[PDB]
Amino acid sequence: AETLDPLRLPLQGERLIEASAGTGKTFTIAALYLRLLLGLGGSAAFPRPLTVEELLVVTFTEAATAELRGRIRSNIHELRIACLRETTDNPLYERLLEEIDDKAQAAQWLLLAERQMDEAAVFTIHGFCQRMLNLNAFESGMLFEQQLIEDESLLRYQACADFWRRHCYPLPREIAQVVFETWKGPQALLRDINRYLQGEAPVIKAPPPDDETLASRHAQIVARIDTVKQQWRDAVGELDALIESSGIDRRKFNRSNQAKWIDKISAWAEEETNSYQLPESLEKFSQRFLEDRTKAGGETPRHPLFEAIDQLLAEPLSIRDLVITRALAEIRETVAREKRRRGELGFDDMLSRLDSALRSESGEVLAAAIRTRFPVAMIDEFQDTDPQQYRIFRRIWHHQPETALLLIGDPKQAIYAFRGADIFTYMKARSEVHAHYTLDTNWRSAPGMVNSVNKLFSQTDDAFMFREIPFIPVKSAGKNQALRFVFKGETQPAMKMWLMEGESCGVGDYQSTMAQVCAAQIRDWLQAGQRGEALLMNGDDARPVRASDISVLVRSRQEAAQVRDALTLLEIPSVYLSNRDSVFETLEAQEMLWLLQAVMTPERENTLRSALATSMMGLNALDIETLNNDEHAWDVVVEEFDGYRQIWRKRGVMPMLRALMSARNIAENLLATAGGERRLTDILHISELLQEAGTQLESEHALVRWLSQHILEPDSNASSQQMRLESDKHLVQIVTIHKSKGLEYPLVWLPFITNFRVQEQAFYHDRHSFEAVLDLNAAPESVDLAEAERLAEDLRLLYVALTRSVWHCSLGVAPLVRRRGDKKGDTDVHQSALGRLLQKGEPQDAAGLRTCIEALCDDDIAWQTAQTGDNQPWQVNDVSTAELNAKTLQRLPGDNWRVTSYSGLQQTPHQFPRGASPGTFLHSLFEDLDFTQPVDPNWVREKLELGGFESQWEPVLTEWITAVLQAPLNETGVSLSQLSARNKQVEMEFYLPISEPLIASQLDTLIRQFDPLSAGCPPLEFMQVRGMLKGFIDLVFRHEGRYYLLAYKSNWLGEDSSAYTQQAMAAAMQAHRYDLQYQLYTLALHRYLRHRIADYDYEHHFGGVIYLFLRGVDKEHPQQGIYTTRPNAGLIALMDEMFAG
DNA sequence: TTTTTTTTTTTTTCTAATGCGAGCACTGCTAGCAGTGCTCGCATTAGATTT
Ligand SMILES: Nc1ncnc2c1ncn2[C@@H]1O[C@H](COP(=O)(O)OP(=O)(O)NP(=O)(O)O)[C@@H](O)[C@H]1O
Ligand SMILES: [Mg+2]
């Protein structure tokens, strides 16, 4: 191992950089990034300078990714500024500038990089896999559009239930008994193998044969038990004489007990072998049991039956391993198949699919696709690495030239074993890499904390109990030498262990006492910092200890809740950063549901009363009592809820809840009440979720259905449903040890560091092959091999949790006993991670623990006994509130301007079906119809196929169309067939501006003056409108240099042709107010012609208006169906002037 | 193709480990009996993580 200098580090091949915590592993990423962008280092430099898009960086968490991206951006900016100024105030940038040959070109490259920083290739492992799969779906063999699912619990449980149905159902009742004894159902079966299903499959030690079915194992075990029973049956009488004759202590083996045991074993042997249960007395008659208890130098009773019983009881009889193996294969297969069917994908599935692709035949090509894309890749937090990830990284970047690979990690921090990560693969990689580099100095914390840690981990030799993980002392940097933490004028020791009092302490008592002590100490720190006494000082500078800089690191959820409850008992604000609880699980969700349910149907008194009596409203009991008696108050409430329903129907969801909160003053009363701030935040969050979900759901009742559904089954994994932060003020941050990786905290607490657990399951790694091995049998060898790794993981977790703090870290210590009996004897602290380092891995009593603590204590490490904290709430000095006033609006905004059409302002062929779609189809027919050619039957048949009407109309409709085309027109006698494509314009769209507001009264008067149809009808009624007017003219055509306007109408006036006469057509025009319609159309056409036609005249060039009633068109009567009307020129001129100004 | 009624609640783990109490065989002390060492059985209590 060599000391590391970022400028001199060569970037070629594989390089491993390992160092202790807070030594600047992450900080070196930025320096290496800058070196890569500029291509600095000469011999140690990359052969060619690279771009932002060609550097890969892989981090463990998303937050770390964002942090690193931002910091790289900042560093690029600062280095560019330095290159432009040729001077800088930082030593790293100064050395870089000394190394740079040309500074102008360097600044140019840095500028390009800064501009491309949006495309920085900084991902996590799962994001990198997903992105490489999507960018190379062709080589990998995936689909081009893949979906992402975060939670596979439902698919997994469904596959397990399918396995159960297929296998456990057909079984006979006798094998079914044995299966039912082990697992009650698929729910319990999934619980055992849930961990093994996730990630790579575990090698099973001593797997059953492939052809062995359940019935074969059952028959084998039944045969063994039958043999033992028969051997007992044959020797049921000789054993008494054998035991009596031979010499064995009868104090250990009483004659009455012997007779009882013989009777029980005989009764069991005569019993039919229905189940695998064996009596306990067989343990007494084992050869080893007899050999253990016998006279010194005396005859020992020995019989072949005893040897048979000893061989039988040596290993448990069960079908567990076979069923577990079959399920572990079949459920995984089924899940993969279903996910392939739906075209979905998951994180573990992403990694496994990329690995499979690289391992397949085409993967070689895929390898180049990833290798050419990312020449250099830097993996951070490499200690947490799965075998899949290392296989991928090796396959891609092992031996190819012109491609570097930088592995940065600390094995002492490998704490994600539970998540599939492995330390043994890290050590494999460490063996496979030749070069090693190290960081010497700690830049994170005060020199006190560094010395404390160095002293605590130097107690024993090979503290981390792995030969490949040697511990060495680290040295603090010169910048932090001044750091101190002063409490009440006295400098506190860097690390303080709070020892609990007593000999034997239970787990629950330990948790309660330490939670209380931590709460009391945090309260004292806050009280002393509020008066400016307690200060975190860097030399002369200082600052008080806010409730934010204090962090409490916990291992489990229940632990964090135990901390938070006691911490809130002292009225101290705190928040738990690892909280995955869902909002809908709170009571506010239920209250909001009751409120919506009452608003929906205020008629029902029960639902309304239930919604009123919620804590959210804040009514008392006397309020509800008086309100259940007075009818007027109840009626007023019903009325306001009915109005809320109207608001809810019209404006949506959030407006209704907002009006309710305003009228009932819910927000003010909640903020006034103690604790109501969290309540109001949850209410607002639920309101936002309800609005988001009500946008998509069109029905109002569907939203209540959706809310009840979500309340019934809250999804904790959902990100949107995560509970928001209570307040933006200072909060004590409770964070788990795993989530605290790579972070930093001024003051740190570890209330329950001593607490541990013993691993019962047998899952370990072979010391030779370094492969994950699951032993479905409970052989104690496997259990010991697993417990050793558990202890190593606990030691690494302890190291991680200790290296977080900067100024001060406290931690609880107690003589924790995990065994009920022999509490007076040795404690179980030695098994705990911290205890093993305090007692040098030697079991001791409480006095021994206290003496070891006292011996360990020095200037940096001080111990104090833990006592019950004083129950006094933290007092916070309130602050006066200044005068507050909201602004008001002097000028109201105007909605006068708008764009409207005629519809907004207004607001056998005879037996043919009618409607909106039939009318649109009839119009679309003429839209693309050629008038100069006869109708084609195939075209009409195709249009009837499109519309879906009966083909029976096809012979008739064609004829009807010709009746339209050949029908004559106004006295000029124009036939629609006579119109060439040059003299026609179909569906012309027009825009007509209306500058002054259009008043219905000021127009209706003129229209009545110049048109009798308006005089017959009542006055026009519509609101003032200023803006534009849109419209679509059906047809415009010119004949004999005279223009016309044609409008199609398919309204079914009547059943007979008499309803299509002149008077009836005029009546229909007056009824549907087509008068104003054609008047506006004429104004539009007049303006368009005046614009386009040079030397235009209304009387000369205009020809009138023609309404064509399709169904009215009949060959028998020329007048029926067509209507012709010419607006007065004076009306047109006055209307134009009105609309113009 | 016509129509009437009615309002309330119920459940909750399991395994394991020990402490004591009762019974008994052995055995040493002054043939029986008290101590002792032991052992089985019933009741009581503790604990069950982490992206
Ligand atoms: N060369 C340096 N000069 C100045 N400060 C540094 C230097 N290297 C690291 N630091 C500071 O040291 C602190 C922690 O460094 P960091 O890069 O997080 O190391 P680390 O290996 O990531 N710690 P961890 O993530 O827990 O393993 C930060 O405040 C950095 O600014
Ligand atoms: Mg880091």
# chains A, B, ... in the order shown; residues from 1 in each chain; ligands from 1
>>> interface_residues(of="chain A", to="chain B", cutoff="9 Å", atoms="only C-alpha atoms (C1' of nucleotides)", output="VMD selection string")
chain A and resid 61 250 to 257 416 418 to 419 555 to 558 736 to 739 819 to 821
>>> select_by_dssp(residues="range 536-610 of chain A", states="strand (DSSP E or B)", output="ChimeraX atom specification")
/A:536-538,541,544,550-554,574-576,582
>>> closest_atom_pairs(of="chain A", to="ligand 2", cutoff="6 Å", atoms="only C-alpha atoms and all ligand atoms", output="CSV")
residue,atom,partner,partner_atom_place_in_ligand_line,distance
A:25,CA,ligand 2,1 (Mg),5.9
A:26,CA,ligand 2,1 (Mg),4.4
A:742,CA,ligand 2,1 (Mg),4.3
>>> residues_near_ligand(ligand="ligand 1", cutoff="9 Å", atoms="only C-alpha atoms (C1' of nucleotides) and all ligand atoms", output="MDAnalysis selection string")
chainID A and resid 19:29 91:92 380:381 408:410 413 439 441:445 477 479 740:744 800 803:804
>>> write_last_selection(atoms="N, CA, C and O atoms", output="compact mmCIF listing (two decimals), in the first residue's frame")
# COMPACT_ATOMS: atom_id res chain seq x y z
N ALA A 19 -9.01 3.35 2.22
CA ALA A 19 -8.62 4.22 3.32
C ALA A 19 -9.73 4.19 4.36
O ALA A 19 -10.84 3.74 4.10
N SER A 20 -9.40 4.69 5.55
CA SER A 20 -10.33 4.69 6.67
C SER A 20 -11.39 5.76 6.45
O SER A 20 -11.43 6.45 5.43
N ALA A 21 -12.29 5.91 7.43
CA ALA A 21 -13.39 6.86 7.31
C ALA A 21 -12.89 8.30 7.39
O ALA A 21 -11.84 8.59 7.98
N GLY A 22 -13.66 9.20 6.79
CA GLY A 22 -13.37 10.62 6.81
C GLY A 22 -11.99 11.00 6.31
O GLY A 22 -11.48 12.08 6.63
N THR A 23 -11.38 10.13 5.51
CA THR A 23 -10.04 10.39 4.99
C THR A 23 -10.06 11.09 3.64
O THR A 23 -8.99 11.36 3.09
N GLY A 24 -11.23 11.37 3.09
CA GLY A 24 -11.32 12.06 1.82
C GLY A 24 -11.39 11.17 0.60
O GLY A 24 -10.83 11.53 -0.44
N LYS A 25 -12.03 10.01 0.70
CA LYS A 25 -12.23 9.17 -0.47
C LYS A 25 -13.13 9.87 -1.49
O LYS A 25 -12.78 9.99 -2.66
N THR A 26 -14.30 10.33 -1.03
CA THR A 26 -15.22 11.02 -1.92
C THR A 26 -14.62 12.31 -2.47
O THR A 26 -14.79 12.63 -3.65
N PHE A 27 -13.92 13.06 -1.62
CA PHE A 27 -13.33 14.32 -2.06
C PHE A 27 -12.33 14.13 -3.19
O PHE A 27 -12.13 15.05 -3.99
N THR A 28 -11.69 12.96 -3.28
CA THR A 28 -10.71 12.73 -4.34
C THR A 28 -11.38 12.51 -5.70
O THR A 28 -10.72 12.64 -6.74
N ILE A 29 -12.67 12.16 -5.70
CA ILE A 29 -13.39 11.96 -6.95
C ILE A 29 -13.37 13.23 -7.79
O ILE A 29 -13.18 13.18 -9.01
N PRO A 91 -4.85 25.24 -2.38
CA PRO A 91 -3.60 24.53 -2.73
C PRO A 91 -3.77 23.53 -3.85
O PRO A 91 -2.87 23.39 -4.69
N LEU A 92 -4.90 22.83 -3.89
CA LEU A 92 -5.15 21.87 -4.96
C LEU A 92 -5.21 22.56 -6.32
O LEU A 92 -4.54 22.14 -7.27
N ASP A 380 -17.55 4.30 -6.48
CA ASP A 380 -17.39 4.72 -5.10
C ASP A 380 -18.23 3.82 -4.20
O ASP A 380 -19.20 3.20 -4.64
N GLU A 381 -17.85 3.77 -2.93
CA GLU A 381 -18.45 2.86 -1.96
C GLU A 381 -18.42 1.43 -2.49
O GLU A 381 -19.44 0.75 -2.62
N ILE A 408 -12.79 2.51 -5.27
CA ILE A 408 -12.59 3.26 -4.03
C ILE A 408 -13.55 2.70 -3.00
O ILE A 408 -14.77 2.71 -3.21
N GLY A 409 -13.02 2.22 -1.88
CA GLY A 409 -13.85 1.61 -0.87
C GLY A 409 -13.08 1.35 0.41
O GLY A 409 -11.85 1.34 0.43
N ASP A 410 -13.84 1.15 1.48
CA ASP A 410 -13.30 0.88 2.81
C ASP A 410 -13.94 -0.39 3.37
O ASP A 410 -15.13 -0.36 3.73
N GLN A 413 -16.29 -0.59 6.47
CA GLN A 413 -17.61 0.02 6.41
C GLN A 413 -18.63 -0.84 5.67
O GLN A 413 -19.75 -0.38 5.42
N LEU A 439 -5.16 6.68 1.84
CA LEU A 439 -5.22 8.02 2.39
C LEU A 439 -4.89 7.97 3.88
O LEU A 439 -5.43 7.12 4.60
N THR A 441 -4.65 10.76 6.37
CA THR A 441 -5.13 11.73 7.35
C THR A 441 -6.65 11.77 7.39
O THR A 441 -7.31 11.61 6.37
N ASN A 442 -7.19 11.99 8.59
CA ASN A 442 -8.62 12.20 8.76
C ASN A 442 -8.92 13.70 8.75
O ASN A 442 -8.35 14.45 9.54
N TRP A 443 -9.81 14.12 7.85
CA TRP A 443 -10.17 15.52 7.71
C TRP A 443 -11.56 15.83 8.24
O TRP A 443 -12.02 16.97 8.08
N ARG A 444 -12.24 14.87 8.85
CA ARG A 444 -13.64 15.06 9.21
C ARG A 444 -13.82 15.64 10.60
O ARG A 444 -14.55 16.62 10.77
N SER A 445 -13.18 15.06 11.61
CA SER A 445 -13.53 15.32 13.00
C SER A 445 -12.33 15.87 13.76
O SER A 445 -11.19 15.85 13.28
N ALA A 477 -5.89 16.11 10.76
CA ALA A 477 -5.28 17.14 9.94
C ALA A 477 -5.00 18.39 10.76
O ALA A 477 -5.48 18.55 11.89
N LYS A 479 -5.98 21.44 10.04
CA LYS A 479 -7.08 22.40 10.02
C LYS A 479 -7.99 22.25 11.23
O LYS A 479 -8.51 23.25 11.74
N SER A 740 -26.77 6.75 7.37
CA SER A 740 -25.78 7.74 7.77
C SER A 740 -24.44 7.54 7.08
O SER A 740 -23.49 8.26 7.39
N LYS A 741 -24.34 6.57 6.18
CA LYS A 741 -23.08 6.31 5.50
C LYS A 741 -22.68 7.51 4.64
O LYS A 741 -23.49 8.04 3.88
N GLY A 742 -21.42 7.93 4.78
CA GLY A 742 -20.90 9.04 4.03
C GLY A 742 -21.38 10.41 4.45
O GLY A 742 -21.04 11.40 3.79
N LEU A 743 -22.13 10.52 5.54
CA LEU A 743 -22.66 11.79 5.99
C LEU A 743 -21.80 12.35 7.12
O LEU A 743 -20.73 11.83 7.44
N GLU A 744 -22.27 13.44 7.74
CA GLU A 744 -21.50 14.17 8.73
C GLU A 744 -22.45 14.81 9.73
O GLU A 744 -23.48 15.35 9.34
N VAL A 800 -18.64 2.28 11.62
CA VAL A 800 -19.35 3.28 10.82
C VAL A 800 -20.06 4.28 11.72
O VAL A 800 -19.98 5.50 11.52
N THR A 803 -17.50 6.71 13.50
CA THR A 803 -16.74 7.67 12.71
C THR A 803 -17.59 8.79 12.12
O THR A 803 -17.07 9.61 11.35
N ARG A 804 -18.88 8.86 12.47
CA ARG A 804 -19.74 9.89 11.89
C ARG A 804 -19.50 11.26 12.53
O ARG A 804 -19.45 12.27 11.83
>>> residues_around(residues="residue 460 in chain A", least_positions_apart="3", cutoff="10 Å", atoms="only C-alpha atoms (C1' of nucleotides)", output="list in words")
residues 456, 457, 463, 464, 465, 836, 837, 838, 839, 840 and 841 of chain A
>>> write_last_selection(atoms="N, CA and C atoms", output="short mmCIF file (atom, residue, chain, number, x, y, z; two decimals), in the first residue's frame")
data_model
loop_
_atom_site.label_atom_id
_atom_site.label_comp_id
_atom_site.auth_asym_id
_atom_site.auth_seq_id
_atom_site.Cartn_x
_atom_site.Cartn_y
_atom_site.Cartn_z
N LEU A 456 -9.79 3.00 20.93
CA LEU A 456 -10.81 1.98 21.16
C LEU A 456 -10.64 0.78 20.24
N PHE A 457 -10.09 0.97 19.05
CA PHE A 457 -9.89 -0.14 18.13
C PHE A 457 -8.48 -0.72 18.18
N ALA A 463 -8.92 -6.69 15.37
CA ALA A 463 -10.17 -6.31 16.01
C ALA A 463 -11.37 -6.70 15.15
N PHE A 464 -11.26 -6.53 13.83
CA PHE A 464 -12.34 -6.89 12.93
C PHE A 464 -12.36 -8.38 12.59
N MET A 465 -11.57 -9.19 13.30
CA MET A 465 -11.57 -10.65 13.23
C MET A 465 -11.48 -11.19 11.80
N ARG A 836 -16.99 -6.53 22.90
CA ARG A 836 -15.81 -7.30 22.52
C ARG A 836 -14.56 -6.43 22.49
N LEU A 837 -14.70 -5.15 22.16
CA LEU A 837 -13.56 -4.25 22.14
C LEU A 837 -13.28 -3.62 23.50
N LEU A 838 -14.26 -3.60 24.39
CA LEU A 838 -14.02 -3.12 25.75
C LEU A 838 -13.40 -4.19 26.63
N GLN A 839 -13.81 -5.44 26.46
CA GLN A 839 -13.36 -6.54 27.30
C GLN A 839 -12.34 -7.43 26.62
N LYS A 840 -11.80 -7.01 25.47
CA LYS A 840 -10.82 -7.78 24.71
C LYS A 840 -11.35 -9.17 24.36
N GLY A 841 -12.65 -9.26 24.14
CA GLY A 841 -13.26 -10.54 23.80
C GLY A 841 -13.20 -11.56 24.91
#
>>> atom_distance(atom1="CA of residue 788 in chain A", atom2="CA of residue 500 in chain A")
27.4 Å
>>> closest_residue(among="A:343, A:1018, A:529, A:1112", to="residue 485 in chain A", atoms="only C-alpha atoms")
A:529
>>> residues_around(residues="residue 673 in chain A", least_positions_apart="5", cutoff="12 Å", atoms="only C-alpha atoms (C1' of nucleotides)", output="number ranges by chain")
A: 615-616, 618, 666-668, 678-680
>>> write_last_selection(atoms="N, CA, C and O atoms", output="compact mmCIF listing (two decimals), in the first residue's frame")
# COMPACT_ATOMS: atom_id res chain seq x y z
N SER A 615 -61.99 15.13 15.42
CA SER A 615 -61.07 16.05 16.08
C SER A 615 -60.68 17.20 15.16
O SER A 615 -60.33 18.29 15.63
N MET A 616 -60.71 16.96 13.85
CA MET A 616 -60.33 17.99 12.89
C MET A 616 -61.21 19.23 13.02
O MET A 616 -60.71 20.36 12.95
N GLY A 618 -62.86 20.14 15.76
CA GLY A 618 -62.56 20.74 17.04
C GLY A 618 -63.75 21.04 17.92
O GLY A 618 -63.62 21.86 18.84
N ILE A 666 -60.15 25.89 10.60
CA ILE A 666 -59.46 24.68 11.03
C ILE A 666 -57.97 24.93 11.18
O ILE A 666 -57.35 24.48 12.16
N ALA A 667 -57.37 25.64 10.23
CA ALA A 667 -55.92 25.84 10.25
C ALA A 667 -55.48 26.63 11.48
O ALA A 667 -54.51 26.26 12.15
N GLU A 668 -56.19 27.72 11.78
CA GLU A 668 -55.83 28.54 12.93
C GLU A 668 -55.93 27.76 14.23
O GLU A 668 -55.01 27.79 15.06
N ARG A 678 -48.29 19.12 12.99
CA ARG A 678 -48.20 17.87 12.24
C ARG A 678 -49.55 17.49 11.66
O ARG A 678 -49.64 17.03 10.52
N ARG A 679 -50.61 17.68 12.44
CA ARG A 679 -51.96 17.40 11.98
C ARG A 679 -52.30 18.22 10.74
O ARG A 679 -52.80 17.68 9.74
N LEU A 680 -52.01 19.52 10.77
CA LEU A 680 -52.33 20.37 9.63
C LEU A 680 -51.48 20.03 8.41
O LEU A 680 -51.96 20.07 7.28
>>> select_by_dssp(residues="range 872-1102 of chain A", states="alpha helix (DSSP H)", output="JSON, numbers by chain")
{"A": [902, 903, 904, 905, 906, 916, 917, 918, 919, 920, 921, 922, 923, 924, 925, 926, 927, 937, 938, 939, 940, 941, 942, 943, 944, 945, 946, 947, 953, 954, 955, 956, 957, 958, 959, 960, 961, 962, 963, 964, 965, 966, 1000, 1001, 1002, 1003, 1004, 1005, 1006, 1007, 1008, 1009, 1010, 1012, 1013, 1014, 1015, 1016, 1062, 1063, 1064, 1065, 1066, 1067, 1068, 1069, 1070, 1071, 1074, 1075, 1076, 1077, 1078, 1079, 1080, 1081, 1082, 1083, 1084, 1085, 1086, 1087, 1088, 1089, 1090, 1091, 1092, 1098, 1099, 1100, 1101]}
>>> write_last_selection(atoms="C-alpha atoms", output="mmCIF file, in the first residue's frame")
data_model
loop_
_atom_site.group_PDB
_atom_site.id
_atom_site.type_symbol
_atom_site.label_atom_id
_atom_site.label_comp_id
_atom_site.auth_asym_id
_atom_site.auth_seq_id
_atom_site.Cartn_x
_atom_site.Cartn_y
_atom_site.Cartn_z
ATOM 1 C CA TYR A 902 -71.845 31.644 -33.244
ATOM 2 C CA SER A 903 -72.683 28.756 -30.905
ATOM 3 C CA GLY A 904 -71.340 30.607 -27.872
ATOM 4 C CA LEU A 905 -73.304 33.744 -28.723
ATOM 5 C CA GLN A 906 -76.509 31.761 -29.276
ATOM 6 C CA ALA A 916 -74.581 14.721 -33.973
ATOM 7 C CA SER A 917 -72.562 11.920 -35.583
ATOM 8 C CA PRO A 918 -75.083 11.317 -38.440
ATOM 9 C CA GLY A 919 -75.027 15.038 -39.194
ATOM 10 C CA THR A 920 -71.234 15.191 -39.157
ATOM 11 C CA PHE A 921 -71.115 12.161 -41.468
ATOM 12 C CA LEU A 922 -73.594 13.745 -43.879
ATOM 13 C CA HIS A 923 -71.492 16.914 -43.937
ATOM 14 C CA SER A 924 -68.235 14.982 -44.377
ATOM 15 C CA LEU A 925 -69.808 13.315 -47.411
ATOM 16 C CA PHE A 926 -70.088 16.661 -49.216
ATOM 17 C CA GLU A 927 -66.742 17.809 -47.798
ATOM 18 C CA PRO A 937 -71.911 3.116 -55.571
ATOM 19 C CA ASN A 938 -68.688 1.705 -54.112
ATOM 20 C CA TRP A 939 -67.840 5.062 -52.527
ATOM 21 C CA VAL A 940 -71.253 5.337 -50.853
ATOM 22 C CA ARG A 941 -70.924 1.742 -49.649
ATOM 23 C CA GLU A 942 -67.502 2.501 -48.163
ATOM 24 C CA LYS A 943 -68.828 5.615 -46.427
ATOM 25 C CA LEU A 944 -71.742 3.629 -44.993
ATOM 26 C CA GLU A 945 -69.201 1.046 -43.810
ATOM 27 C CA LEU A 946 -67.208 3.794 -42.087
ATOM 28 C CA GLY A 947 -70.308 5.284 -40.474
ATOM 29 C CA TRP A 953 -79.272 2.616 -47.769
ATOM 30 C CA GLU A 954 -76.471 2.304 -50.338
ATOM 31 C CA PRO A 955 -78.711 1.977 -53.452
ATOM 32 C CA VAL A 956 -81.060 4.713 -52.231
ATOM 33 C CA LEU A 957 -78.571 7.168 -50.708
ATOM 34 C CA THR A 958 -76.593 7.389 -53.954
ATOM 35 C CA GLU A 959 -79.728 8.506 -55.803
ATOM 36 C CA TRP A 960 -80.463 11.011 -53.034
ATOM 37 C CA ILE A 961 -76.989 12.507 -53.450
ATOM 38 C CA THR A 962 -77.685 13.144 -57.131
ATOM 39 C CA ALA A 963 -80.999 14.739 -56.137
ATOM 40 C CA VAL A 964 -78.870 17.193 -54.155
ATOM 41 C CA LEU A 965 -76.335 17.801 -56.922
ATOM 42 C CA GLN A 966 -78.888 18.322 -59.705
ATOM 43 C CA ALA A 1000 -77.288 42.203 -27.369
ATOM 44 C CA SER A 1001 -79.755 45.094 -27.072
ATOM 45 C CA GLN A 1002 -77.732 47.471 -29.260
ATOM 46 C CA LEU A 1003 -77.674 44.836 -32.045
ATOM 47 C CA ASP A 1004 -81.119 43.197 -31.742
ATOM 48 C CA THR A 1005 -82.714 46.598 -32.369
ATOM 49 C CA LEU A 1006 -80.963 47.009 -35.724
ATOM 50 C CA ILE A 1007 -81.567 43.377 -36.709
ATOM 51 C CA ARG A 1008 -85.268 43.789 -35.929
ATOM 52 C CA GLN A 1009 -85.324 47.058 -37.874
ATOM 53 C CA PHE A 1010 -83.898 45.547 -41.066
ATOM 54 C CA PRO A 1012 -88.675 40.717 -40.182
ATOM 55 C CA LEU A 1013 -87.508 37.334 -38.876
ATOM 56 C CA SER A 1014 -85.841 39.105 -35.950
ATOM 57 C CA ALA A 1015 -88.975 41.203 -35.412
ATOM 58 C CA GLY A 1016 -90.992 38.007 -35.029
ATOM 59 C CA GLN A 1062 -91.071 28.173 -47.359
ATOM 60 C CA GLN A 1063 -93.101 29.141 -44.285
ATOM 61 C CA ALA A 1064 -91.976 26.096 -42.293
ATOM 62 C CA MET A 1065 -88.327 26.657 -43.237
ATOM 63 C CA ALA A 1066 -88.583 30.290 -42.132
ATOM 64 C CA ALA A 1067 -90.211 29.147 -38.879
ATOM 65 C CA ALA A 1068 -87.323 26.742 -38.258
ATOM 66 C CA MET A 1069 -84.800 29.496 -39.025
ATOM 67 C CA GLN A 1070 -86.533 31.725 -36.474
ATOM 68 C CA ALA A 1071 -86.637 28.882 -33.930
ATOM 69 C CA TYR A 1074 -80.060 31.012 -37.869
ATOM 70 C CA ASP A 1075 -80.845 34.627 -38.795
ATOM 71 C CA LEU A 1076 -77.962 36.059 -36.770
ATOM 72 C CA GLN A 1077 -75.806 33.175 -38.019
ATOM 73 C CA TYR A 1078 -76.236 33.970 -41.709
ATOM 74 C CA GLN A 1079 -76.018 37.694 -40.954
ATOM 75 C CA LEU A 1080 -72.587 37.251 -39.371
ATOM 76 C CA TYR A 1081 -71.585 34.968 -42.246
ATOM 77 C CA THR A 1082 -72.582 37.723 -44.679
ATOM 78 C CA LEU A 1083 -70.607 40.335 -42.742
ATOM 79 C CA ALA A 1084 -67.577 38.030 -42.860
ATOM 80 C CA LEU A 1085 -67.947 37.393 -46.597
ATOM 81 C CA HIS A 1086 -68.468 41.115 -47.246
ATOM 82 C CA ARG A 1087 -65.285 42.040 -45.400
ATOM 83 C CA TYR A 1088 -63.319 39.266 -47.127
ATOM 84 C CA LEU A 1089 -64.494 40.327 -50.586
ATOM 85 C CA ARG A 1090 -63.801 43.995 -49.851
ATOM 86 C CA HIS A 1091 -60.309 42.961 -48.760
ATOM 87 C CA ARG A 1092 -59.569 40.730 -51.748
ATOM 88 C CA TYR A 1098 -71.886 44.910 -52.269
ATOM 89 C CA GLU A 1099 -74.898 45.077 -54.586
ATOM 90 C CA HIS A 1100 -72.858 44.188 -57.672
ATOM 91 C CA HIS A 1101 -70.808 41.249 -56.389
#
>>> atom_distance(atom1="CA of residue 128 in chain A", atom2="CA of residue 56 in chain A")
9.1 Å
